[PDB]
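Asks: Residue numbers (the deposited numbering), protein chains in the order written: chain V, 266 to 304; chain 4, 14 to 316; chain Z, 2 to 95; chain R, 36 to 138; chain A, 2 to 301; chain 3, 8 to 264; chain B, 198 to 394; chain U, 54 to 237.
Cβ coordinates follow ideal geometry from the N, Cα and C atoms, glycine included.
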Amino acid sequence: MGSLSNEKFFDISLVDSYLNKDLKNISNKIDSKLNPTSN
Amino acid sequence: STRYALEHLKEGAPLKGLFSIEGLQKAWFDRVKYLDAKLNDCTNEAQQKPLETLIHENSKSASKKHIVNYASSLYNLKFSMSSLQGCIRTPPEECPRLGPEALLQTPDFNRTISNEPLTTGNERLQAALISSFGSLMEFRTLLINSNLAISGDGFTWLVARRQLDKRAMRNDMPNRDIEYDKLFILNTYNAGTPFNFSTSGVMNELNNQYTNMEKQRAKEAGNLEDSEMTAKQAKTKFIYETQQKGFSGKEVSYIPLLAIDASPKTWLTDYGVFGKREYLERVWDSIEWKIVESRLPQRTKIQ
Amino acid sequence: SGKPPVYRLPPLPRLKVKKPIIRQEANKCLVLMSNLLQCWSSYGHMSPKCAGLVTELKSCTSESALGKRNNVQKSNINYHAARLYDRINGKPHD
Amino acid sequence: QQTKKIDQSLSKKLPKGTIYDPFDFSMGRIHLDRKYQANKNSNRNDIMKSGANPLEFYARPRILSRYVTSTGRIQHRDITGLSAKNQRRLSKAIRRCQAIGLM
Amino acid sequence: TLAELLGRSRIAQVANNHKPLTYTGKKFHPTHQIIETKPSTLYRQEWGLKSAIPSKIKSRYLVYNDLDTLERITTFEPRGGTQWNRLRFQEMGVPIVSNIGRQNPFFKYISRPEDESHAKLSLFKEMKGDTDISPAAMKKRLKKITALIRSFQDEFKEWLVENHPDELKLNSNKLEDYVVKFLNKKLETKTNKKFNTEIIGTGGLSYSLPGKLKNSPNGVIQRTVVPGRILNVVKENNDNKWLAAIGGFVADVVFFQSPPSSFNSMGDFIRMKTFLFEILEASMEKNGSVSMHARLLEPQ
Amino acid sequence: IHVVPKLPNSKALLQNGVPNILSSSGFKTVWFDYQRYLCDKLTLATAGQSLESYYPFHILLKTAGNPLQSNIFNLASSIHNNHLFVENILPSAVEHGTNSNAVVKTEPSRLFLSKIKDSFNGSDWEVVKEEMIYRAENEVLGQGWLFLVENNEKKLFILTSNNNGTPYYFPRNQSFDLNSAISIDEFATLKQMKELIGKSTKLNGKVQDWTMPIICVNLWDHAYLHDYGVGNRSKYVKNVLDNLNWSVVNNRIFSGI
Amino acid sequence: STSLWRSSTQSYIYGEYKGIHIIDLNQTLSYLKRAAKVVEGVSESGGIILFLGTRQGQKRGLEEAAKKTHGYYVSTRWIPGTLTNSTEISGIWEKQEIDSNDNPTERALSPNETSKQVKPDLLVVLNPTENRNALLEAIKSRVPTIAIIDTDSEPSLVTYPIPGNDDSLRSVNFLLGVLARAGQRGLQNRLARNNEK
Amino acid sequence: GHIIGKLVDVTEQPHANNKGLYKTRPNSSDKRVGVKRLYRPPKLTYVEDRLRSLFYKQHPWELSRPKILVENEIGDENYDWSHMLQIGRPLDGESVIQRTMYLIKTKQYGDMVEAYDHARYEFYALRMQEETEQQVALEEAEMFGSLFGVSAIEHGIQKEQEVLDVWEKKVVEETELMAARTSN
Ligand SMILES: [Mg+2]
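1. Where does residue 196 (chain U) sit, in a helix, a strand or coil, going by DSSP?
2. What does the alpha-carbon distance come out to for the pair residue 210 (chain U) and residue 170 (chain 4)?
3. Measure the CB-CB distance between residue 26 (chain 4) and residue 167 (chain 4) and report whether it falls below 8 Å.
4. State the Cα-Cα distance for the pair residue 93 (chain 3) and residue 300 (chain A), rounded to the nearest angstrom.
5. For residue 48 (chain 4), which residues of its own chain have a beta-carbon under 8 Å away from its beta-carbon, when the five flanking residues on both sides are left out?
6. With H, G and I counted as helix, E and B as strand and the rest as coil, what does DSSP make of residue 284 (chain A)?
7. With distances taken between CB atoms, is the gap from residue 272 (chain B) to residue 292 (chain B) smaller than 8 Å?
8. Suppose contacts are defined by Cβ-Cβ distances below 8 Å. Is residue 234 (chain A) in contact with residue 289 (chain A) by that definition?
9. What residues in its chain sit with their C-beta under 7 Å from that of residue 169 (chain U), if we drop five residues either side in the sequence?
10. Using the C-alpha atoms, what's the distance from residue 198 (chain B) back to residue 55 (chain A)?
11. Run the CB neighbour count on residue 163 (chain A), radius 10 Å, all protein chains shown included, and call it buried at 16 or more, exposed below.
12. Whose Cβ in chain A lies nearer than 8 Å to the Cβ of residue 198 (chain 4)?
13. If we define contact as Cβ-Cβ less than 8 Å, is residue 176 (chain A) a contact residue for chain 4?
14. Pick out the complete alpha helix (DSSP H) segments inside the stretch 248–284 of chain B, 4 residues or longer, and give them in chain order.
15. Of all the CB atoms in chain U, is at least one closer than 8 Å to the CB of residue 191 (chain A)?
16. For residue 75 (chain 3), would you say it is in contact with chain A, using Cβ-to-Cβ distances shorter than 8 Å as the test?
17. Leaving aside the five residues before and after residue 231 (chain 3) along the sequence, list all residues of the same chain whose C-beta is less than 6 Å from its C-beta, in chain order.
18. Give, in chain order, every unbroken run of the alpha helix (DSSP H) that is at least 4 residues long and sits entirely within the stretch 163–206 of chain 3.
19. What separation, rounded to the nearest whole angstrom, lies between the Cα atoms of residue 388 (chain B) and residue 243 (chain B)?
20. Terminal residues of the continuous beta strand (DSSP E) containing residue 82 (chain R)?
21. Name, going along the chain, the residues of the stretch 72–106 of chain 3 whose beta-carbon falls closer than 7 Å to a beta-carbon of chain U.
22. In chain order, what residues of the same chain lie with their CB nearer than 6 Å to the CB of residue 86 (chain A), ignoring the 5 residues before and after it?
23. Can you name the residues of chain U whose CB is closer than 8 Å to the CB of residue 213 (chain B)?
24. According to the neighbour-count rule (16 or more other Cβ atoms, all chains shown, within 10 Å of its Cβ), is residue 217 (chain 3) buried or exposed?
25. Taking the DSSP output, what are the residues bridged to residue 67 (chain A)?
26. Residue 214 (chain U) to residue 62 (chain R), Cα distance in whole Å?
27. By the DSSP assignment, the alpha helix (DSSP H) with residue 344 (chain B) in it spans what residues?
28. Would you mind telling me which residues of chain A sit closer than 8 Å to residue 89 (chain Z), beta carbon to beta carbon, in chain order?
29. Who are the Cβ neighbours of residue 166 (chain 3) in its own chain at under 7 Å, not counting the five residues just before and after it?
30. Can you check the stretch 15–57 of chain A for any alpha helix (DSSP H) of at least 4 residues that lies completely inside it and give the ranges in chain order?
31. Closer than 7 Å by C-beta to residue 247 (chain 3): which residues in its own chain qualify, once you throw out the five before and the five after it? Chain order, please.
32. Got a sec, what are the start and stop residues for the alpha helix (DSSP H) residue 154 (chain 3) sits in?
33. Could you tell me whether any non-hydrogen atom of ligand 1 is closer than 7 Å to the CB of residue 326 (chain B)?
34. Per DSSP, residue 170 (chain 4) is paired with what?
35. Within the 8 Å Cβ cut-off, does residue 61 (chain A) reach chain R?
36. Contact criterion: CB-CB distance below 8 Å. Does residue 183 (chain 3) meet it with respect to chain U?
Structure, rendered in structure tokens:
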């Protein structure tokens, strides 16, 4: 998985996700699916 | 006679999926009639006594051996035919006669399993077979292989290790006369009792009396006994007793639960020469597991 | 895995052993002496037990000092070597 | 009458759970096992041939201690049986280890 | 053509083997295919190999490694023993019983592949199962598998974010399970079964199933007797753990306390005489060894 | 590969079975089938083994000693005995079907009758046949073979094999069914046989014996079941010896020249 | 084996399998038929055919082939000079005169006739690697030769090579049997022709 | 069926290799000449060999069964491998391999593995049947009055006893010789 790992020892994939908004976009999608509405 | 008649078998009525009218008439009716005629000619006082009682009381007898032979053969044939019910598919006369190529066919007893006793709802037999044979497929292939290997007349039995009621010194005790340890398969040939608590050590006793008679003749003639000969006889005796020495003692009875016939008279007439394996296959799918389930007594799993 | 390599030889005029070590057995009449000397050193000179060994020396010495000598063979390994060297050597063809 | 004691060199102790042949009870078998006696126990236990870098072990005197004779002389390639490069690196390691004075 | 005929030729049927002909180690199973010559054939040194075997060989069975070698010599050995040892096992006829209770592997059970548990050890074996030199096993294989995972990075991400977002948000300890499941499915596809080398079971020693009875002239046998030799009285560890030779197999035998004084009468020569043994059980191990058990029977 | 031999006048036998003995269907049951079955089973047993280069008589001799090689011995003995039976009941060995020389008739040889007189108690041949059937019924319950053999002593006996037991080898006669009770004298004879084989010093545990047969009658239910139904085995054997091919038989007797 | 290969036989080999070179059999068949009817032609012509083989156990095949083809065989070791030094080696053994039917004429031979040399018209060698001196005697004495050539032999020493295995009794017997039968057929044809033209 | 003497030109492969690098120029291997390969004897290989090795290192005791290598007549061999049991040959690993080849040739199954397991299970079934047949045949013979001189167990015991007796003599002689050596 790379960026989503919970290991304190991670790789460059985390940096790639951070710089290119990838991980932020993933978290936003997860929140939008789960956080609001909840109908 | 009525005592040797079955509700499943009727004159002129094929056993569906097993034999035609001719097959039953030749395999069962002709043979049972012949055995009854021979036994009656050989003994008038037979009808009142069951075959099992006759075998138990009369045995190990050279003078009256043929009484036991014929009675046991009749009992064996009846017991084998008792469990047969009739398989829906593949009528006996419908399928074609098998030729030489039937030999090269690879058996599928390793692959296809049919007529499971679970289907009839008998779980006690399910557990007994799984425990004493690991799996149904192993049990089925063992039966088919064993009976098939019999060259001439013989039977294969699903006997049960009925632990002796205190080495046969007791009997009719609650739950013990119907207490067995495990299941086993035995191949009897030419009218051999599946239960071998009787007829066990017969060769041993014959050897014992022979050695004694030889000793008496030697001493009467004055010939001194030879130590090595006695040692050899002791070794033969020791192996014979150690071989047939159950933990309970007095040998272990093997009650019969199910039998499969091997005599060519049963199948040669209709299934042809090459069809023996086919006959066995059709038989396996024609067992009424309710009867054997009822015959199966209680287990020993208590201690 | 990496066992020591096999080293061949340049073509040789012949393959033979100078003085082959052929199997041989002692007379045991000298061994009898060795045991008797051991008995003398431990039990005592011409001690009772040594007497049995003494008689054994007498028996082995009576006819020959070293007893009867036989089973004197020779090793024919040179014969076989010379016989099948031309095949076993693995020399390149002509 | 005969003495009940026999040297191990004349008694083949067959291992458990192994096939055997009648020949294995003959003197031929013991002579064969004696001549063909291999040292594969080393082969499985020499970490040096496992692939590890010998020069790394210069700080562990014991590991090299099994490749030196009683007085410390380095065993020849035949006895050690390592690869040429592994042996040369092992020799450098032990010589270095002597320099630091652990040997 | 000729290539296909050579593929089916009896020489080709024999698997190539380069194991030592004279092995001085523990022997747990045959390591060479026995070749047999018909009497007439042997009469003309026609074993079927490349070159005729020298006349001095009178045995009709031999084991070979190389059809021809640099020294113009056929690497062979006229032993044919193993077949006799197998036949002796079939003499005793004691069936093989699975040690771990594993059900017979001679039956493709429909449910056997179904019932299963997580096997991370398989994941370990996928890269550290090579058990070879460090520069290749620990570097080349690890690089290869890491490259393989690179191709399965986005797919894992989308699946986890789509189907299991709660656990990812919570960082549950169960997250590892999805990783194992994913890798399993990726190496459980078509062509992914690969090949597994391991002794299936009896391995051809005995295709006998338990349960059948050895009906005998004197009656059904309850305990089997076979002549044998007690190998040594030194046993093992002085833990009442002897050894004995029975019909080609070295099998342990159980002794009652105070064993027979026969060994005391003569010791370490006990192999001279023969005894009678019961075969308690025969269960094999992962190495192919058969841990046959026996018991010593003596007249009272 | 073992192949069923070609019999003379095969067309005549295929059209109708041996006259006075078996019907076409019955003969096709014994020969032309269950004989190809026997050959195929034997070939599958010995294919790729040194035994496949030998003939049934030789393989059964070689196999007698080996305990767990009994399948091959059993197969070979059946094949050999069966062909013996077919030959000795063949209507005419000579291929004179086209010539239609039905005048050919077979009668016992004077030497053969003389041998009967020497053997037993000098009884007549018909009495021998009757008592032979008698024993066939009484001491062969299942299948087996009926033999009139000749020993080294020049005295014909009757061997009541209860299975595929070749007369050639008395250790493998299988003449006493041990499954049923056994008399004291028979068990004594068995123990004597135990001793006799034990005396042999050969590494293969074999014993000399000649006892080659003269008359073969198949007692397997593959022969009479169809033609003679069940229990009529006595009538089957009776008619078999009635029309026995005598030319081959009296030839089987050692002419002494 | 490959470690023994002689490169001069590269064209005769089909490849290597299990550590040994595999001879092409189409070529072996073509050469064998050529050699076979060379033998038949010589036998029909009425020449002398010599069958040479010195490996152990070959004598039976040589003797049988010689008697079928009315030729000669040498299962013992070839004697150097048998062809170049014939008068010294074989000058002491006596000969005979035979007619077109291979029937002796029972006529005495003058000393000069006996002292002459009889030269085989065809030489067949089963182990040309060991009988090299026999091949060199033939090449020097102008006698065509047939030999079984393995992946170790030199095909240029023999007029008519037969690529095949030479270390197996079955192979040499099979090849030599085909050659002998061809020679026998030639002899029968000659006998028929001279009996009836 | 591999082709000797063919060189894959750079133009033939336009796509990137396993490492994502486009091949644009011939490499050192392409420079070299390959006449030796043309004249080298080809190295013959068959897929069946891998299976044969796998089988015999999965069924070690299958080696115990002797195999005759003297071919009878390979040309006159008509085999329908739908059923591996075939007159003229025995039941052995080769039967498994041929059956697997036939299964794949007909394409009834997929990869090597499945066809191999199918054939293997068939081979188990036939072998179990044969072993049971031999055991029951033995039982038949003894039940019916069959005499046996020497069995495999007793044959082994007797030969072992011969070797042991020779060994006994040798060891006593060696012991007294060792007594001689140490008595010095
Ligand atoms: Mg050669």
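Replies: Once the coordinates are examined:
1. As a first step, residue 196 (chain U) is located in the eighth sequence; it is residue number 143 there, counting from the start. In the structure shown, residue 196 (chain U) sits in a helix (DSSP, three-state: H, G or I).
2. Here residue 210 (chain U) corresponds to residue number 157 of the eighth sequence, with the count starting at 1. Here residue 170 (chain 4) corresponds to residue number 157 of the second sequence, with the count starting at 1. Approximately 36 Å between the Cα atoms of the pair.
3. For the purposes of this step, residue 26 (chain 4) is taken as the residue at position 13 of the second sequence. For the purposes of this step, residue 167 (chain 4) is taken as the residue at position 154 of the second sequence. Not closer than 8 Å, so no.
4. If you number the sixth sequence from 1, residue 93 (chain 3) lands on position 86. If you number the fifth sequence from 1, residue 300 (chain A) lands on position 299. Each residue's Cα considered, the two are about 54 Å apart.
5. Within the second sequence, the letter at position 35 stands for residue 48 (chain 4). Contacts found: 83, 86, 87 and 90.
6. By one-based count along the fifth sequence, residue 284 (chain A) stands at place 283. Of the three classes helix, strand and coil, the one that applies to residue 284 (chain A) here is coil, per DSSP.
7. In the seventh sequence, the residue the question calls residue 272 (chain B) occupies position 75. In the seventh sequence, the residue the question calls residue 292 (chain B) occupies position 95. In this structure, residue 292 (chain B) does not lie closer than 8 Å to residue 272 (chain B) by Cβ.
8. For the purposes of this step, residue 234 (chain A) is taken as residue 233 along the fifth sequence, with counting starting at 1. For the purposes of this step, residue 289 (chain A) is taken as residue 288 along the fifth sequence, with counting starting at 1. No, the Cβ-Cβ distance between residue 234 (chain A) and residue 289 (chain A) is not below 8 Å.
9. Working through the eighth sequence from its first residue, we reach residue 169 (chain U) at position 116. Closer than 7 Å at Cβ, skipping near neighbours: 104 and 153.
10. Translated into the one-based positions of the fifth sequence, residue 55 (chain A) becomes position 54. Translated into the one-based positions of the seventh sequence, residue 198 (chain B) becomes position 1. Rounded to whole angstroms, the separation of the alpha carbons of residue 198 (chain B) and residue 55 (chain A) is 18 Å.
11. On the fifth sequence, position 162 is the one that residue 163 (chain A) refers to. Exposed, by the Cβ-count rule.
12. Residue 198 (chain 4) sits at position 185 when you count from the first residue of the second sequence. Those within 8 Å of residue 198 (chain 4) in chain A are 212, 213 and 214.
13. One-based indexing of the fifth sequence puts residue 176 (chain A) at position 175. Answer no: the Cβ-Cβ gap between residue 176 (chain A) and chain 4 never drops below 8 Å.
14. 256–265
15. Against the fifth sequence, residue 191 (chain A) aligns to sequence position 190. Yes, its Cβ sits closer than 8 Å to a Cβ of chain U.
16. Counted from its first residue, the sixth sequence places residue 75 (chain 3) at position 68. Closer than 8 Å: yes.
17. If you number the sixth sequence from 1, residue 231 (chain 3) lands on position 224. Here the set comprises 240 and 243.
18. 191–206
19. For the purposes of this step, residue 388 (chain B) is taken as the residue at position 191 of the seventh sequence. For the purposes of this step, residue 243 (chain B) is taken as the residue at position 46 of the seventh sequence. Between residue 388 (chain B) and residue 243 (chain B), the C-alpha separation is close to 10 Å.
20. Position 47 of the fourth sequence holds residue 82 (chain R). Neither: residue 82 (chain R) is in no beta strand (DSSP E) and is coded neither H nor E.
21. 72, 74, 75, 77, 78 and 81
22. Within the fifth sequence, the letter at position 85 stands for residue 86 (chain A). Hits under 6 Å: 249.
23. Counting from one through the seventh sequence, the residue named residue 213 (chain B) turns up at place 16. Ordered by position in chain U, the residues that pass the 8 Å Cβ test against residue 213 (chain B) are 94, 95, 96 and 97.
24. Your numbering for residue 217 (chain 3) matches position 210 in the sixth sequence. Exposed, because fewer than 16 other Cβ atoms sit within 10 Å of the Cβ of residue 217 (chain 3).
25. Position 66 of the fifth sequence, counted from the start, is the residue given in the question as residue 67 (chain A). The partner list for residue 67 (chain A) (beta bridge, DSSP) reads 76 (chain A).
26. Indexing the eighth sequence from 1 puts residue 214 (chain U) at position 161. Indexing the fourth sequence from 1 puts residue 62 (chain R) at position 27. Approximately 14 Å, taken between the alpha carbons.
27. Mapped onto the seventh sequence, residue 344 (chain B) falls at position 147. In the DSSP assignment, residue 344 (chain B) falls outside any alpha helix (DSSP H) and within the unbroken beta strand (DSSP E) covering 342–346.
28. Walking along the third sequence from the start, residue 89 (chain Z) turns up at place 88. Neighbours of residue 89 (chain Z) on chain A, chain order: 72, 73 and 74.
29. Numbered from its first residue, the sixth sequence carries residue 166 (chain 3) at position 159. These residues qualify, in order along the chain: 154, 156, 174, 180 and 182.
30. 40–44
31. Here residue 247 (chain 3) is taken as the residue at index 240 of the sixth sequence, counted from 1. Taken in chain order, the residues that qualify are 28, 96 and 224.
32. If you number the sixth sequence from 1, residue 154 (chain 3) lands on position 147. That residue, residue 154 (chain 3), is in no alpha helix (DSSP H); its beta strand (DSSP E) goes 152–157.
33. If you number the seventh sequence from 1, residue 326 (chain B) lands on position 129. Yes, the beta carbon of residue 326 (chain B) sits closer than 7 Å to at least one heavy atom of ligand 1.
34. As a position in the second sequence, residue 170 (chain 4) is number 157, starting the count at 1. In DSSP, residue 170 (chain 4) forms a bridge with 199 (chain 4) and 272 (chain 4).
35. The residue you call residue 61 (chain A) lines up with position 60 of the fifth sequence. Chain R, which has no Cβ nearer than 8 Å to the Cβ of residue 61 (chain A), makes this no.
36. By 1-based counting over the sixth sequence, the position of residue 183 (chain 3) is 176. True, the Cβ-Cβ gap to chain U drops below 8 Å.
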